[PDB]
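> Please find entry.pdb (PDB, C-alpha atoms) on the next line:
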```
ATOM      1  CA  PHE A 186     -35.842  18.033   0.857  1.00  0.00           C
ATOM      2  CA  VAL A 187     -32.043  17.993   0.972  1.00  0.00           C
ATOM      3  CA  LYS A 188     -31.983  17.117  -2.740  1.00  0.00           C
ATOM      4  CA  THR A 189     -34.314  20.021  -3.519  1.00  0.00           C
ATOM      5  CA  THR A 190     -32.224  22.420  -1.428  1.00  0.00           C
ATOM      6  CA  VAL A 191     -28.906  21.354  -2.967  1.00  0.00           C
ATOM      7  CA  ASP A 192     -30.290  21.458  -6.523  1.00  0.00           C
ATOM      8  CA  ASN A 193     -31.662  25.023  -6.616  1.00  0.00           C
ATOM      9  CA  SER A 194     -28.650  26.626  -4.950  1.00  0.00           C
ATOM     10  CA  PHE A 195     -26.195  29.253  -6.169  1.00  0.00           C
ATOM     11  CA  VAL A 196     -23.123  27.848  -4.380  1.00  0.00           C
ATOM     12  CA  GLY A 197     -22.853  24.296  -5.699  1.00  0.00           C
ATOM     13  CA  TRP A 198     -22.455  21.248  -3.462  1.00  0.00           C
ATOM     14  CA  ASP A 199     -20.978  17.865  -4.347  1.00  0.00           C
ATOM     15  CA  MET A 200     -22.691  14.766  -2.983  1.00  0.00           C
ATOM     16  CA  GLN A 201     -21.868  11.091  -3.465  1.00  0.00           C
ATOM     17  CA  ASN A 202     -22.752   7.708  -1.966  1.00  0.00           C
ATOM     18  CA  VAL A 203     -26.166   8.423  -0.463  1.00  0.00           C
ATOM     19  CA  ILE A 204     -26.391   5.266   1.633  1.00  0.00           C
ATOM     20  CA  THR A 205     -29.692   3.848   2.902  1.00  0.00           C
ATOM     21  CA  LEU A 206     -28.497   0.784   4.810  1.00  0.00           C
ATOM     22  CA  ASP A 207     -31.072  -1.593   6.315  1.00  0.00           C
ATOM     23  CA  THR A 208     -29.741  -5.147   6.603  1.00  0.00           C
ATOM     24  CA  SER A 209     -28.778  -6.086  10.172  1.00  0.00           C
ATOM     25  CA  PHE A 210     -25.731  -4.003  11.113  1.00  0.00           C
ATOM     26  CA  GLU A 211     -22.695  -6.278  10.593  1.00  0.00           C
ATOM     27  CA  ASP A 212     -23.707  -8.547   7.685  1.00  0.00           C
ATOM     28  CA  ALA A 213     -21.513  -8.000   4.626  1.00  0.00           C
ATOM     29  CA  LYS A 214     -23.556  -5.382   2.768  1.00  0.00           C
ATOM     30  CA  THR A 215     -23.415  -2.760   5.523  1.00  0.00           C
ATOM     31  CA  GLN A 216     -19.625  -3.106   5.735  1.00  0.00           C
ATOM     32  CA  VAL A 217     -18.954  -2.405   2.053  1.00  0.00           C
ATOM     33  CA  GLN A 218     -21.658   0.274   1.876  1.00  0.00           C
ATOM     34  CA  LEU A 219     -20.005   2.091   4.782  1.00  0.00           C
ATOM     35  CA  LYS A 220     -16.545   1.551   3.276  1.00  0.00           C
ATOM     36  CA  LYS A 221     -17.656   3.297   0.070  1.00  0.00           C
ATOM     37  CA  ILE A 222     -17.535   6.681   1.835  1.00  0.00           C
ATOM     38  CA  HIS A 223     -14.208   8.505   1.535  1.00  0.00           C
ATOM     39  CA  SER A 224     -15.055  12.220   1.793  1.00  0.00           C
ATOM     40  CA  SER A 225     -14.950  13.970   5.180  1.00  0.00           C
ATOM     41  CA  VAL A 226     -18.250  15.204   6.489  1.00  0.00           C
ATOM     42  CA  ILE A 227     -21.194  12.959   7.385  1.00  0.00           C
ATOM     43  CA  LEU A 228     -24.916  13.594   7.812  1.00  0.00           C
ATOM     44  CA  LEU A 229     -26.811  10.761   9.488  1.00  0.00           C
ATOM     45  CA  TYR A 230     -30.483  10.428  10.427  1.00  0.00           C
ATOM     46  CA  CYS A 231     -31.248   7.694  12.965  1.00  0.00           C
ATOM     47  CA  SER A 232     -33.071   7.060  16.261  1.00  0.00           C
ATOM     48  CA  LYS A 233     -30.666   7.296  19.217  1.00  0.00           C
ATOM     49  CA  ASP A 234     -29.790   3.611  19.602  1.00  0.00           C
ATOM     50  CA  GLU A 235     -29.229   3.048  15.880  1.00  0.00           C
TER      51      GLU A 235
ATOM     52  CA  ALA B 236      -6.244 -20.398   6.349  1.00  0.00           C
ATOM     53  CA  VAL B 237      -9.749 -21.824   6.834  1.00  0.00           C
ATOM     54  CA  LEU B 238     -10.414 -19.598   9.850  1.00  0.00           C
ATOM     55  CA  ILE B 239      -9.085 -16.513   8.050  1.00  0.00           C
ATOM     56  CA  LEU B 240     -11.229 -17.246   4.992  1.00  0.00           C
ATOM     57  CA  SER B 241     -14.333 -17.765   7.138  1.00  0.00           C
ATOM     58  CA  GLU B 242     -13.689 -14.518   9.026  1.00  0.00           C
ATOM     59  CA  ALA B 243     -13.019 -12.623   5.783  1.00  0.00           C
ATOM     60  CA  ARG B 244     -16.084 -13.805   3.859  1.00  0.00           C
ATOM     61  CA  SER B 245     -18.337 -12.318   6.551  1.00  0.00           C
ATOM     62  CA  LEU B 246     -16.433  -9.015   6.245  1.00  0.00           C
ATOM     63  CA  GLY B 247     -17.152  -8.649   2.522  1.00  0.00           C
ATOM     64  CA  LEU B 248     -13.509  -9.155   1.533  1.00  0.00           C
ATOM     65  CA  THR B 249     -14.554 -11.998  -0.817  1.00  0.00           C
ATOM     66  CA  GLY B 250     -16.342 -10.381  -3.744  1.00  0.00           C
ATOM     67  CA  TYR B 251     -16.334 -10.426  -7.538  1.00  0.00           C
ATOM     68  CA  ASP B 252     -13.037  -8.471  -7.688  1.00  0.00           C
ATOM     69  CA  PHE B 253     -10.751  -9.874  -4.982  1.00  0.00           C
ATOM     70  CA  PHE B 254      -7.875 -12.100  -6.108  1.00  0.00           C
ATOM     71  CA  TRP B 255      -6.311 -14.356  -3.475  1.00  0.00           C
ATOM     72  CA  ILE B 256      -2.819 -15.781  -3.977  1.00  0.00           C
ATOM     73  CA  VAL B 257      -1.671 -18.593  -1.711  1.00  0.00           C
ATOM     74  CA  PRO B 258       1.652 -20.448  -1.181  1.00  0.00           C
ATOM     75  CA  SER B 259       2.233 -24.111  -1.979  1.00  0.00           C
ATOM     76  CA  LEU B 260       1.920 -25.466   1.570  1.00  0.00           C
ATOM     77  CA  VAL B 261      -1.766 -24.534   1.942  1.00  0.00           C
ATOM     78  CA  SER B 262      -2.895 -26.750  -0.949  1.00  0.00           C
ATOM     79  CA  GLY B 263      -1.639 -29.826   0.880  1.00  0.00           C
ATOM     80  CA  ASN B 264      -2.528 -32.671  -1.477  1.00  0.00           C
ATOM     81  CA  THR B 265      -5.203 -31.066  -3.721  1.00  0.00           C
ATOM     82  CA  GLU B 266      -7.655 -33.749  -2.572  1.00  0.00           C
ATOM     83  CA  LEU B 267      -8.971 -32.446   0.793  1.00  0.00           C
ATOM     84  CA  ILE B 268     -10.367 -29.045  -0.196  1.00  0.00           C
ATOM     85  CA  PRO B 269     -12.708 -27.618   2.473  1.00  0.00           C
ATOM     86  CA  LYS B 270     -15.937 -25.724   1.800  1.00  0.00           C
ATOM     87  CA  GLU B 271     -14.518 -22.300   2.729  1.00  0.00           C
ATOM     88  CA  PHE B 272     -12.120 -21.988  -0.220  1.00  0.00           C
ATOM     89  CA  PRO B 273     -13.588 -19.473  -2.696  1.00  0.00           C
ATOM     90  CA  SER B 274     -13.571 -20.282  -6.383  1.00  0.00           C
ATOM     91  CA  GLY B 275     -10.792 -18.671  -8.376  1.00  0.00           C
ATOM     92  CA  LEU B 276      -7.880 -18.910  -5.932  1.00  0.00           C
ATOM     93  CA  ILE B 277      -4.421 -18.940  -7.517  1.00  0.00           C
ATOM     94  CA  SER B 278      -1.845 -21.035  -5.658  1.00  0.00           C
ATOM     95  CA  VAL B 279       1.467 -22.106  -7.186  1.00  0.00           C
ATOM     96  CA  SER B 280       2.400 -25.694  -6.354  1.00  0.00           C
ATOM     97  CA  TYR B 281       4.716 -28.474  -7.455  1.00  0.00           C
ATOM     98  CA  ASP B 282       3.666 -30.835 -10.235  1.00  0.00           C
ATOM     99  CA  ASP B 283       2.155 -34.275  -9.693  1.00  0.00           C
ATOM    100  CA  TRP B 284      -0.106 -34.825 -12.727  1.00  0.00           C
ATOM    101  CA  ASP B 285       2.867 -34.963 -15.107  1.00  0.00           C
ATOM    102  CA  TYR B 286       6.473 -36.010 -14.422  1.00  0.00           C
TER     103      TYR B 286
END
```
What's the structure tokens form of this structure?

Amino acid sequence: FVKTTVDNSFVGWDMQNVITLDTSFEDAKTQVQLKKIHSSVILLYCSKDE
Amino acid sequence: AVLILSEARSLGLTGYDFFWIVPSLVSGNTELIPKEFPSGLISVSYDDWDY
């Protein structure tokens, strides 16, 4: 839905590094995948504890 | 050095593009290499094969 909304829009948004991390939470891959982000605003979709 | 390498491998700092350079006193005698030393580790040292 967010892809559909950003595509057919008249303003123009830039989006990079759409992370979908599921491998423990401190095992190598999650660290680098989180380090890839360098812009400044974050949207996250989790369940309280996560 | 061994502890730092073990703690850095788990942090993802040891990948396909990460060059480590190490002084001569770490490679003690080049005959007691542990299992935590990653392949491709440049370390200048004095000569013993020649001379």
> Between CA of residue 257 in chain B and CA of residue 242 in chain B, measure the distance and give it in Å to one decimal.
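Going from CA of residue 257 in chain B over to CA of residue 242 in chain B covers 16.6 Å.
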> Hey, which bits of chain B sit within 9 Å of chain A, and for each residue what's the closest pair of atoms and how far apart in Å (one decimal), counting all atoms listed in the file, rows by chain and increasing number, as CSV?

```
residue,atom,partner,partner_atom,distance
B:244,CA,A:213,CA,8.0
B:245,CA,A:213,CA,5.7
B:246,CA,A:213,CA,5.4
B:247,CA,A:213,CA,4.9
B:248,CA,A:213,CA,8.7
```
> Restricting the calculation to all atoms listed in the file, which member of B:259, B:251, B:286, B:243 is positioned closest to residue 274 in chain B?
B:251
> Please write the residues picked by the PyMOL selection byres ((chain B and resi 270) around 12) on this file as a list in words.
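When the PyMOL selection byres ((chain B and resi 270) around 12) is applied to the shown file, the picked residues are residues 236, 237, 238, 240, 241, 267, 268, 269, 271, 272, 273 and 274 of chain B.
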> Using only C-alpha atoms, which residues sit within 8 Å of residue 256 in chain B once same-chain residues fewer than 3 positions away are excluded, as a ChimeraX atom specification?
/B:276-278
> Of the candidates A:235, A:197, A:190, A:226, which one gets nearest to residue 209 in chain A if we count all atoms listed in the file?
A:235
> Using all atoms listed in the file, collect all residues at a distance of at most 12 Å from (-2.1, -35.6, -12.9) as written in the file, then present them as a PDB file with C-alpha atoms, keeping the file's coordinate frame.

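Below is the file that was written, out01.pdb:
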```pdb
ATOM      1  CA  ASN B 264      -2.528 -32.671  -1.477  1.00  0.00           C
ATOM      2  CA  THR B 265      -5.203 -31.066  -3.721  1.00  0.00           C
ATOM      3  CA  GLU B 266      -7.655 -33.749  -2.572  1.00  0.00           C
ATOM      4  CA  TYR B 281       4.716 -28.474  -7.455  1.00  0.00           C
ATOM      5  CA  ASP B 282       3.666 -30.835 -10.235  1.00  0.00           C
ATOM      6  CA  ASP B 283       2.155 -34.275  -9.693  1.00  0.00           C
ATOM      7  CA  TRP B 284      -0.106 -34.825 -12.727  1.00  0.00           C
ATOM      8  CA  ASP B 285       2.867 -34.963 -15.107  1.00  0.00           C
ATOM      9  CA  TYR B 286       6.473 -36.010 -14.422  1.00  0.00           C
TER      10      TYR B 286
END
```
> For CA of residue 218 in chain A and CA of residue 250 in chain B, quote the distance in Å rounded to one decimal.
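Going from CA of residue 218 in chain A over to CA of residue 250 in chain B, I get 13.2 Å.
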